[PDB]
Amino acid sequence: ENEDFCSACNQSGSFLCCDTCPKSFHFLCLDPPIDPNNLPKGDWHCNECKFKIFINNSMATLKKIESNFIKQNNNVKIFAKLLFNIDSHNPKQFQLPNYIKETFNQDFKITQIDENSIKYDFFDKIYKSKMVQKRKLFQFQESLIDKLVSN
Amino acid sequence: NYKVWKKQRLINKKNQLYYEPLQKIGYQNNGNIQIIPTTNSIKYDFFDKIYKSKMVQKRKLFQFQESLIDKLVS
Amino acid sequence: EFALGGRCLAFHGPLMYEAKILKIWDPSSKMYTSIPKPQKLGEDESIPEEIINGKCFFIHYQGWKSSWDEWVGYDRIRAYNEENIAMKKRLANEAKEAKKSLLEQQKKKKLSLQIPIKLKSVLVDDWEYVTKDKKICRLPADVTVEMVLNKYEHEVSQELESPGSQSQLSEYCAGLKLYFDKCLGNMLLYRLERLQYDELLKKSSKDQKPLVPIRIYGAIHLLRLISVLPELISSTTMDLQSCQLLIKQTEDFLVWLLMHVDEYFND
Amino acid sequence: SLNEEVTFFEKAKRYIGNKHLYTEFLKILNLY
Ligand SMILES: [Zn+2]
Ligand SMILES: [Zn+2]
């Protein structure tokens, strides 16, 4: 029901005991700096607890709203999966990475592609092919010019 | 020699997984794809993306021909 | 405190023992005072070098002979006060529990980022300034990541050739900006910065404009986001090719930073 | 010059007619 140490900042201090998860946080070790003596009245669901009761601990609706969320922001599309984990993330102190501290149904998966991506890929690859053949022709012309000059 | 490619056979719905790429551009799919419907900003996004690229190309054209005529004087 | 001839309690293995302070050593003068008058170390007298840089005391254990007399530093010596006497009682109780465990056991016996060294050095010096020092970054944090990503696009896109690759460049810039905004409050914060973030969010509500961490924060917290990115990406289900695209954009953004580190990382 | 380059794809889609033939056309352009 409580933790002796803050699971976010990793030192002991004033805590807020969550209902389900035994981890507790400081008054600043939260996405928002909850103002002490001014904490909203209620059960005090944390971010993990609000993520579980938002999805009602069922996988199908959570994948469907995850796909809906990715559908909304296609401009940040490669990071769109990484925007989701954040919601289910309890903010914590920045612990350094370890290297920083120093000095089968999946085989036949059908790709779901769109028209605009096909357009971008076709344009990209034709421009690549056209200018690699153009630049190699220019390089061969320069090499032949140098060969005729040296001879 | 040569290389061959065959499209994957159709698989029943209980054993066939359709997955949507996160990477939009340059995703090496095996040629086995599915087209999803496209859902105004994207239209103008394509217009500037060709402008910039073609501009860069001109510049790439203009940076190498000057080296060619400056080689003939030597 | 510590006095010549006074009581003291000292370490000896894991336990506390009472002792007399016969000599007081000063590391700066290479000298000690004694009781029956400053003097240096004698021919046969020496102090271990682990403590000789700190203030040492030659001590004599009570109830034990002069062969046990030794030099101890502040690590091994404490003043004779009620706190030290109480923790001496506590460690005596620990030794009693160890003896009881001895009795019990005998009676049972009877029965993919590879960043170069300069980014590592600037990140660990920021770590030293943020942990061992109270000093934090400036309020507007000077050049925001706005600037970095913006120009970075204005140079790389004019170096990039395909329209497809420039789409990935703009896509990676926008995603990095939005991830910075939506993840600075989640991981990219240290001590003495939570209060700064609280001040920022109370200041943002005063002028009715919504808060935003891209422009506010500097480019060094962006590099912090790139540092946490490899461990953060592999936590959940992510592709192979999308992962390779992400580390490739990571690496060429990092080398573009390495072109002019001194623009954003000069003290 | 630029306008035809950006307008080529959806004018090709308009000329194709049926959406299944355009789907196979995009499949061709992807396979290339
Ligand atoms: Zn804390
Ligand atoms: Zn909770």
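The rules behind the values
- Per the conventions used, each chain is numbered from 1 along its written sequence, independently of whether this matches the entry, and residues without coordinates are not displayed.
- Written order decides the labels, with chains lettered from A and ligands numbered from 1.
- Part of a larger assembly is shown, with all reported values restricted to the visible chains.
- Calculated side-chain values reflect all of the structure's heavy atoms, with hydrogen atoms and water omitted.
- Any two residues having at least one pair of non-hydrogen atoms within 4.5 Å are treated as being in contact.
- Buried area: the accessible surface (1.4 Å probe) lost by two parts on joining, summed over both.
- A carboxyl oxygen of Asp or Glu within 4 Å of a side-chain nitrogen of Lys or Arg is what we treat as a salt bridge.
- Contacts described as polar in this section are N or O atom pairs within 3.5 Å, which, within protein, must combine one atom able to donate a hydrogen with one able to accept it, while residues neighboring in sequence count only if both atoms come from side chains.
- Side-chain atoms within 4.5 Å are what join buried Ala, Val, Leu, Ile, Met, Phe, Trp, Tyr and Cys residues into a set we call a nonpolar core.
- Each residue is assigned to one of three classes by its accessible area relative to the maximum for its type, calculated with a 1.4 Å probe on protein chains only: buried under 20%, partly exposed between the two thresholds, exposed over 50%.
- Secondary structure elements are taken from DSSP: a helix is a run of H or I of four residues or more, a strand is a run of E of two residues or more, and numbering for both begins at the N terminus.
- Water is not among the atoms examined, so metal sites may look incomplete; donors are the N, O and S atoms within 2.8 Å of the metal, or within 3.2 Å for Na, K and Ca.
- Put plainly, a pocket is an open set of points on a 1 Å grid over the protein atoms alone with protein on both sides within 12 Å along at least five of seven lines, a cavity is a set where a 1.4 Å probe fits but cannot get out, and a lining residue has an atom within 4 Å of a point.
- Grid points are joined across faces, edges and corners, and a volume is the space filled by probe spheres set on the points.
- Residues are grouped as follows: nonpolar covers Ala, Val, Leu, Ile, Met, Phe, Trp, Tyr, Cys and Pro; charged covers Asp, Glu, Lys and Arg; every other residue, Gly included, is treated as polar.
- Here the axes come from fitting lines to C-alpha atoms, over the contacting stretch only for helices, and the angles between their N-to-C directions go from 0 to 180 degrees.
- We call two directions roughly parallel when the angle between them is under 35 degrees, roughly antiparallel when it is over 145, roughly perpendicular when it lies between 65 and 115, and oblique otherwise.
- With the far helix as reference, a near helix turned anticlockwise by less than a right angle produces a left-handed crossing, and one turned clockwise produces a right-handed crossing.
- Aromatic pairing here means that ring centres of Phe, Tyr or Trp (its six-membered ring) are within 6.5 Å. Orientation follows from the plane angle: under 30 degrees is stacked, over 60 is edge-to-face, and everything else is tilted.
- Two limits define a charge over a ring: the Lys NZ or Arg CZ must be within 6 Å of the ring centre, and within 35 degrees of the ring normal.

What the deposited record gives as its method is cryo-EM, and the resolution it gives is 7.6 Å.

Right, let's talk about the interface of chain C and chain A for a bit. Each partner contributes to the interface: chain C provides 46 residues, whereas chain A provides 37 residues. Of the roughly 3,900 Å² buried between chain C and chain A on both sides combined, carbon and sulfur atoms contribute 62%. Contact with chain A buries surface across chain C, with C:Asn186, C:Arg191 and C:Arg194 losing the most and accounting together for 17% of the total. Here chain C and chain A share two salt bridges between them. Close ionic contact of C:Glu161 with A:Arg135 constitutes a salt bridge, the shortest N to O distance being 3.1 Å. The tally of links between chain C and chain A comes to 15 residue pairs in polar contact.

Residues C:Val148, C:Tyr179, C:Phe180, C:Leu222 and C:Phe253 are the most contacted members of the largest nonpolar core, which totals 55 residues. Elements supplying a minimum of two residues to this core: α3 (80-87) of chain A together with α2 (117-131), α3 (145-159), α4 (163-183), α5 (194-204), α7 (219-233), α8 (241-259) and α9 (261-264) of chain C. Residue contributions to this core peak at nine residues, all from α7(C). Residues in contact with C:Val148, not counting those within four places in the same chain, are C:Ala219, C:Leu222, C:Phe253, C:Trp256, C:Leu257 and C:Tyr264.

Another point: the arrangement of the chains. For the five pairs of chains in contact, the maximum contact count is reached by chains A and C. Contact between chain C and chain D is absent, and the least distance between their C-alpha atoms amounts to 12 Å.

Residues and elements named next belong to chain A. Coordination of the zinc ion (ligand 2) by the protein involves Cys 18 (SG), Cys 21 (SG), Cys 46 (SG) and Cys 49 (SG), with metal-donor separations of 2.2 to 2.3 Å. Read in sequence order, the donor residues coordinating the zinc ion (ligand 2) give the pattern C-x2-C-x24-C-x2-C. With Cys 18 in the loop between β1 (16-17) and β2 (24-25) and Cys 46 in the loop between β2 and α1 (47-55), this pair connects stretches of sequence that are 28 residues apart. An identical accessibility class is assigned to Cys 18 and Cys 46; each is buried.

Turning our attention to the layout of surface pockets. Its volume calculated, the second largest pocket comes out at about 750 Å³. Contributing to the lining of the second largest pocket are 31 residues, with A:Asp121, A:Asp124, B:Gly26, B:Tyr27 and B:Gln28 lying nearest its centre. Considering each element in turn, the lining of the second largest pocket owes the most residues, seven residues, to α8(C). The residue makeup of the lining of the second largest pocket, split by class, is 12 nonpolar, 11 polar and eight charged.

Another aspect to go through is the environment of C:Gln114. Within the secondary structure, C:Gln114 is located in the loop between α1 (82-110) and α2. For the pair C:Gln114 and C:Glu251, spaced 137 residues apart in sequence, the C-alpha to C-alpha distance is 8.4 Å.

The subject of this paragraph is the interface of chain D and chain A. Residue-level contacts link eight residues of chain D with 10 residues of chain A. For the pair chain D and chain A, the two sides together bury roughly 900 Å², of which 68% comes from carbon and sulfur. The tally of links between chain D and chain A comes to zero salt bridges. Taken together, the links from chain D to chain A amount to three residue pairs in polar contact. When contributions to the side of chain D that touches chain A are tallied by element, the ones reaching two or more residues are α1 (2-16) and α2 (19-31) of chain D. Residue classes in the side of chain D that touches chain A are distributed as five nonpolar, one polar and two charged.

We now examine the packing of helix α1 (residues 41-72) of chain B against α4(C). Remark: α1(B) packs on α4(C), axes separated minimally by 9 Å, with the N-to-C direction vectors making an angle of 120 degrees. Relative to α4(C), α1(B) is oriented oblique. Between α1(B) and α4(C) the crossing geometry is right-handed. Here B:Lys49, B:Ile50, B:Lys52, B:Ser53 and B:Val56 of α1(B) lie close against α4(C), whose contacting residues are C:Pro163, C:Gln166, C:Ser167 and C:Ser170. Class assignment of the residues belonging to the contact of α1(B) with α4(C) gives a composition of three nonpolar, four polar and two charged.

What follows concerns the side chain of B:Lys49. Mapping B:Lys49 onto the fold places it in helix α1. Ignoring any residue separated from it by four or fewer positions in sequence, one finds B:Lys49 in contact with A:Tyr120, C:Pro163, C:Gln166, C:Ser167 and C:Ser170.

Turning our eyes to something else, we now look at the packing of aromatic side chains. Enumeration according to the criterion identifies 26 aromatic pairs over all chains in this entry. Ring geometry for A:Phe51 versus A:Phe84: centroids 6.3 Å apart, planes at 80 degrees, classification edge-to-face. With A:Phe51 in helix α1 and A:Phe84 in helix α3, this pair connects stretches of sequence that are 33 residues apart. Judged by its relative accessible area of 13%, A:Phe84 is buried. On the numbers, 5.6 Å between centres and 70 degrees between planes, the contact of C:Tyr32 with C:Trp71 is edge-to-face. Taking the relative accessible area as the measure of exposure, C:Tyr32 reaches 1% and is therefore buried. Classification of C:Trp71 as buried rests on a relative accessible area of 8%. Joined through ring pairs, the aromatic side chains of A:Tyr120, A:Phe122, A:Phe123, A:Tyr127, B:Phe46, D:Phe8, D:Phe9 and D:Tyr32 make up one cluster. Over the face of the ring belonging to B:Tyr19 we find A:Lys109, whose NZ or CZ atom lies 4.8 Å from the ring centre. The side chain of C:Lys135 reaches across the aromatic face of C:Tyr129, ending 4.3 Å from its centre.

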